[PDB]
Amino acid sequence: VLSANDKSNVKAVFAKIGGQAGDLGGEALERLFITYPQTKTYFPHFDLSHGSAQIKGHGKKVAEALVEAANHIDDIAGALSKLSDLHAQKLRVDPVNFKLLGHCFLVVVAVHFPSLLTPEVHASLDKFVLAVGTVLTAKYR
């Protein structure tokens, strides 16, 4: 589990940039699709054209789930209950792809908030996005 220190780092991050989190999610998703094009095949029902409102809408939702997880960081499983059955049971998302999206989130944080993303904060955020990915794929293990 995330340490007390990691939890505080996550809350410090989202308490600062929570207002922008929606936009950051859109960019993270845009970056996922362009950097790792294989991930687009999970979205054949989307308009995946660059700029697309559906990508932006959906990235916004991804970031809002992260924010929910931050706000209820002591029980992320609880917070993200429906979402977990969705990703592992319904969608069968390959677990490798969660690390790719989590990495894109870090990249967006680095682009816009370089002095926020110290090595310590980078460590805590990496643990956080992995903890979320693990929750979402829990039925696999």
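Position 1 is the first residue in the sequence shown; the rest follow in order.
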key: Mean C-alpha B-factor comparison - 78-86 and 58-66, higher one   = 78-86
message = Tell me which stretch has the larger mean Cα B-factor in this entry, 40-48 or 25-33.
response = 40-48
request  = Report the option among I17, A123, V10, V129 whose CA atom has the maximum B-factor in the deposited record.
outcome  = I17
task = Place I73 in the lowest, middle or highest third of its chain's C-alpha B-factors, as listed in the PDB entry.
result = highest
ask   = Looking at the C-alpha B-factor of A53, is it in the lowest, middle or highest third of its chain?
value = highest
